[PDB]
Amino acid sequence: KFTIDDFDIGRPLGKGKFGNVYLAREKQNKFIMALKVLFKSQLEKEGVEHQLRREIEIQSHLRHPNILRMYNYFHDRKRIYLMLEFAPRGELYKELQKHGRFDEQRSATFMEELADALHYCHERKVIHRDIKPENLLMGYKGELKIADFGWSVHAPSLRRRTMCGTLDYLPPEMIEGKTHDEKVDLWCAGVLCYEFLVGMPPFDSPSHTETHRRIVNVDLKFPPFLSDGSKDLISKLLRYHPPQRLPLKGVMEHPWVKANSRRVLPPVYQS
């Protein structure tokens, strides 16, 4: 099966908590992909084998147009190689930083894509747990791709207790030490929508204590440039009570999303 010698190596694309990503071309098919290269002795010394395993298990079994595909994986004496979809437009976070804030069409589009991907995950009892711009890539036509599943879990029955994610995105229930479920992803979607439109997350403060206070109080302060529709969606996602948050099908149906999204599904292989 695969070895490194089956790929032309183009150039590096990014880092990663465990290792480097390269642009690559599978020689047989001239098919352009990305290869994430991990060093086995580094992973063992950091103690992260089981964590890496669970990430591979989750990502390699998801097939959705807005989730970055893992085609296959292989290993040699020293390295593990993950064969990944290439995202030609690159990091979403870089694009938000360059533009400052996204307009309503671009934001709504991304929300429809996010909600569809997340609903795909939830139907399979996968919780993402770290939705934020930095974990998203963009396809050839700008399509959102959920790229990183570092905090993700398969949770078919039990509520979870792990504090995880990113400060500005943490849901109240995490901060409060409660159990959590898939509805954490709803809250993070709401934070994301605000950050896309405003260019800063809603609970931004210089002290972690103040940010946590603002989160558990749901101290949301909408800037005046925001449309009523956008505020309506964010408000319905950022509920203190998990069961009261708008479901992901509800995001895909929300009138602001319908009116503003220009989502296009990529072409798929045809017989």
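Don't overthink the numbering: it's just position in the shown sequence, from 1. Take the two forms, find the largest set of C-alpha atoms that superpose within 1.5 Å, and that set is the rigid core.
Trainee: Figure out for me whether 106-114 or 72-80 is the more displaced stretch in 6 other deposited structures of this protein, taking RMS C-alpha distance from the shown form once the rigid core is superposed.
Mentor: After superposing on the rigid core, the more displaced stretch in 6 other deposited structures of this protein is 72-80.
Trainee: Output the stretch, either 26-34 or 43-51, that has more C-alpha displacement from this form in 6 other deposited structures of this protein following superposition by the rigid core.
Mentor: This comes out as 43-51, the stretch further from the shown form in 6 other deposited structures of this protein.
Trainee: Mean Cα B factor from the PDB record: higher for 159-167, or higher for 121-129?
Mentor: Per the PDB entry, the higher value belongs to 159-167.
Trainee: What stretch has the higher average Cα B-factor here, 7-15 or 252-260?
Mentor: Mean CA B-factor is higher for 7-15.
Trainee: Return the residue from 67, 43, 246, 215 that has the highest Cα B-factor in the entry.
Mentor: Answer for 67, 43, 246, 215: 43, with the highest C-alpha B-factor.
Trainee: Have a look at 229, 242, 47, 202 and flag the one whose Cα has the highest B-factor in the entry.
Mentor: Among 229, 242, 47, 202, the highest C-alpha B-factor in the entry belongs to 47.
Trainee: Ranking every modelled residue in this chain by its Cα temperature factor as given in the entry, which third contains residue 112?
Mentor: CA B-factor rank for residue 112: lowest third.
Trainee: In terms of the chain's CA B-factor thirds, is residue 59 lowest, middle or highest?
Mentor: Middle third - that is where residue 59 ends up once the chain's C-alpha B-factors are sorted.
Trainee: Of the three thirds of its chain by CA temperature factor, lowest, middle or highest, which one includes residue 211?
Mentor: CA B-factor rank for residue 211: middle third.
Trainee: Taking the chain's C-alpha temperature factors as the reference, tell me which third residue 85 falls into: lowest, middle or highest.
Mentor: It belongs to the lowest third of the chain when residues are ordered by C-alpha B-factor.
Trainee: Could you look up the Cα B-factor of residue 182 in the entry and say which third of the chain it sits in: lowest, middle or highest?
Mentor: Its C-alpha B-factor, which the entry lists for residue 182, ranks in the lowest third among residues of this chain.
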